[PDB]
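Tertiary structure, described
One-letter residues, chain by chain:
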Amino acid sequence: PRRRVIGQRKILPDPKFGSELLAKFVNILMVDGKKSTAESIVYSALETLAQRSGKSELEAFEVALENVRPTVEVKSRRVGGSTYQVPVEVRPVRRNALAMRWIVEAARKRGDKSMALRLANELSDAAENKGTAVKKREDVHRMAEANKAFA
Amino acid sequence: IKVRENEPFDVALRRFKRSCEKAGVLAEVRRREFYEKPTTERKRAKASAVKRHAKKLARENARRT
Amino acid sequence: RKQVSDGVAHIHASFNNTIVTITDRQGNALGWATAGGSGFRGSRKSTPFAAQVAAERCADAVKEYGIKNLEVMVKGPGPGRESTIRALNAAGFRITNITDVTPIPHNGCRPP
Amino acid sequence: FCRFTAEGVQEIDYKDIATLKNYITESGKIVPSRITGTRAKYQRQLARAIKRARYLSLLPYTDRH
RNA sequence: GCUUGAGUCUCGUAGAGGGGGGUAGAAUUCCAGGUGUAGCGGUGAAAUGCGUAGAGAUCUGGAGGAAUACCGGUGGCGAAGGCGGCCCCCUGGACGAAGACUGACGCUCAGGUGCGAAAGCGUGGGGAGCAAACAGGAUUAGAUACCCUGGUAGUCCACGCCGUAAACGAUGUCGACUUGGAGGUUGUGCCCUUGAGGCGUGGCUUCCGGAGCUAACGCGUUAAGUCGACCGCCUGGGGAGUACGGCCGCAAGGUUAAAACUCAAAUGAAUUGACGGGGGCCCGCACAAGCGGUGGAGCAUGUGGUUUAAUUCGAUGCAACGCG
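What counts, and at which threshold
- Residues numbered from 1 in each chain as written, not as in the entry; some residues may be left out.
- Chains lettered and ligands numbered in written order.
- Part of a larger assembly, values for the part shown.
- Heavy atoms only, no water.
- Residues with missing side-chain atoms left out of burial classes, pairs and counts.
- Helix = DSSP H or I, 4+ residues; strand = E, 2+ residues; numbered from the N terminus.
- Contact = heavy atoms within 4.5 Å.
- Buried area = accessible area lost by both parts, 1.4 Å probe.
- Salt bridge = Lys/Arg side-chain N within 4 Å of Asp/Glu carboxyl O.
- Polar contact = N/O pair within 3.5 Å; in protein donor to acceptor, adjacent residues only side chain to side chain.
- Nonpolar A, V, L, I, M, F, W, Y, C, P; charged D, E, K, R; others polar.
- Axes fitted to C-alpha atoms, helices over the stretch in contact; angles between N-to-C directions.
- Parallel < 35°, antiparallel > 145°, perpendicular 65-115°, else oblique.
- Left-handed = near helix turned anticlockwise from the far one by under 90°.
- 1 Å grid on protein atoms, 1.4 Å probe; cavity = no way out; pocket = protein on both sides within 12 Å on 5 of 7 lines; lining within 4 Å.
- Points joined across faces, edges and corners; volume = space filled by probe spheres on them.
- Buried < 20%, exposed > 50% of the residue type's maximum accessible area, 1.4 Å probe, protein only.
- Arc of directions from axis to C-beta.
- Pairing = 2+ DSSP bridges.

cryo-EM is the method the PDB entry lists for this structure, together with a resolution of 4.4 Å.

Okay, here's the thing in structure tokens:
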């Protein structure tokens, strides 16, 4: 807020093998608060991803996120006059959460059969970085590299 | 105005310009001679300077610090 | 194209425009480009990035002449005069010296 | 405070350009009296000697020629 | 007759003091020449205007023109207005040390005389950049204004006219006395220059404050304190610093200067609320990021308005509209 310097809260780890980042991926999937359905969809999508790729559940999801991981992002910081976008490096806690948000936002569209199949197909397309969330990343990168001279 | 800043430089470092010429005599003559107001702003600037000097001469107080 | 060895990059920075124009030692120009031909129609003309892209589009279309190093001759007031010369560094040129070749009036009157 | 003209008998002349060069900068401009002493009588005589040496091309007006 | 008033001479000091004659440095403009390209110009944004004839711009050469960024300082000079490279000539005024001379020649001034910011007027010239008036383009319900692009008088030299300014430290000129501090500037005496210092005496000037004064703010040893000499102005506001008359001026106009009529107010610095498209600091999902809605469709409810003989009454900008 304005003065409050409170930090992030400590969420519960996932009831599968211990990884808090995929628990945050469970947390940002969640329509209508339905956490149990979100955990079932994440679990089934990680099994159908580890089956089609041959990797584990913690390392196929590891290299699915660095292809949707943005480098810098733009935000409006005007200083006395004209309003221009400012490219800046994002903090990693915001970075990986926004990348998972991009994965889920790409998973909301492109409806093949069901939500677990959509999430597995989005992670499979982010494996060889030709899907939709990597296009969101390349669009955020196109917002930079030409408006980069303002610093 | 003139500097060489020899070959292992990779940067301008032209601090001699802004000390003398670059702004203080440049963005004052593009408009508004004013015909009097240089004398008025010189009066106001030296008044502010002598009041700041008289305040710094009397700045020694308690001040709770 | 004459295969000239060096040149002199005269830069005119103003509140109007920021040109970069490269002549030889004897003072006939070898190719140049404007900050207005480089895009930015209208309000973004008086930005230093317009001077940067003017120096960028001056850096090319002169490779037939083959200029290695250059002298920098700034001229005029304005928001430029300091940001475009770094565009003369990243584009593959060697700066010799930065000078100015203009006097003030030798008895002249300036309005508002 | 360390002026060479305050105890400086045989007042500052235009011919001796070795000591007269120390009161101009690199761009030929006159060094102010707010930096190097040079009380106002000897400062005005110094400015006269500077510009009468600039007239005789003993010291440059500037490096813009 | 005398000298402490005033004045003159001797030795010097500082100054943008004035007048005349010349020489020179941080860049928009015009012309010519080489170059080479797609737009230039401003604003919150936009256009007029300039441009493929090749613009704004690139270097060189030339042309003229009224003027001094740095030094530069509530720093200095001049009675005031005002005056700011430098060189040459003329010339005034101010101040300091030891003296020498006249002996009240001294202060103020109605009338009168001279100087007098800028704007303007007349003649002979210059005209580069701006710039009233004027044109075009933007904003607005309207804009003949604030904004922009051009542009004439003028801003400018020689000689006159006009004599007006918020010509204001709003404080008339001269003399005397009156605690003080911090300074700036300019001389001089003395001390060991024994080391960029120390102790005093004169002029001008800035700020703060003692007594005192003032309606207050504030002035405060250059007083608005206490006095003495003289000149000018006022008896409420509007009318009105207007009209008539006299004088000056080529004109614009200026000086002097009423009356009739209306009102019981006008005004004066200062304090407290309000406000500033005034700042500094702080706060609230107030703004930034994000989520879900309204306004696009249909149903429940209320209001405005219409009709009726009634469509009971109140609330009716946030602070009324699923309210009573």
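Moving on: unusual backbone geometry. Positive phi, normally seen in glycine, also occurs at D32(A), with a value near 60°. The phi torsion at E5(B) lies on the positive side, around 60°, for a residue other than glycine. Within the secondary structure, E5(B) is located in the segment before α1 (15-20).

Before going further, it helps to spend a moment on the interface of chain C and chain B. Facing 17 residues of chain C, the contacting portion of chain B comprises 14 residues. Between chain C and chain B, a total of about 1,400 Å² is buried, with carbon and sulfur atoms accounting for 59% of that surface. The largest share of the area that chain C buries against chain B comes from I98(C), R110(C) and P112(C), three residues that together contribute 34% of it. At the boundary of chain C with chain B, the tally comes to zero salt bridges. Scanning the region where chain C abuts chain B turns up one residue pair in polar contact. Each residue belonging to the side of chain C that touches chain B can be placed in one class, and the counts come to six nonpolar, six polar and five charged.

On to the packing of helix α5 (residues 92-108) of chain A against helix α7 (residues 133-143) of chain A. All names here are of chain A. At a closest axis distance of 8 Å, the pairing of α5 and α7 adopts a crossing angle of 125°. Overall, the two elements α5 and α7 adopt an arrangement that is oblique. Between α5 and α7 the crossing geometry is right-handed. Side by side, α5 and α7 meet where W102, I103 and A106 of the first sit next to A133, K136, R137 and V140 of the second. Residues belonging to the contact of α5 with α7 are distributed by class as follows: five nonpolar, no polar and two charged.

It is worth spelling out the layout of surface pockets at this point. To locate leftover empty space, one rolls a probe as large as a water molecule over the atoms. In this structure, the largest pocket occupies an estimated 1,100 Å³ of space. Taken as a whole, the second largest pocket holds about 630 Å³ of empty space. A class-by-class count of the residues in the lining of the second largest pocket yields eight nonpolar, five polar and four charged.

All names here are of chain A. Among the residues making up helix α1 (residues 20-27), those that are buried are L22, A23, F25 and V26. On an axial view of α1, the arc spanned by its buried residues comes to 150°, and they lie on one face. Looking at the buried positions of α1, the neighbouring elements they touch are α2 (35-53), α5 and α6 (115-127).

Another point: the sheet that holds strand β3 (residues 29-33) of chain C. Sheet strands pair by backbone hydrogen bonding; their relative direction is either parallel or antiparallel. Residue and element names in this part refer to chain C. Reading across the sheet, the five strands line up as β3-β2-β1-β4-β5 and stay open at both edges, with mixed pairing between neighbours. The sheet is open, and its two borders are formed by β3 and β5 (94-100), each paired with just one other strand. Along the sheet, successive strands turn relative to each other by an average axial angle of 20°, direction set aside. When strand β1 (residues 7-13) meets strand β4 (residues 69-75), the two strands line up parallel, connected through six bridges. Note on β4: the bridge partner recorded for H12 is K75. Lying on the sheet, helix α1 (residues 48-59) is in contact with β2 (18-23) and β3; it crosses β2 at an angle near 25°.

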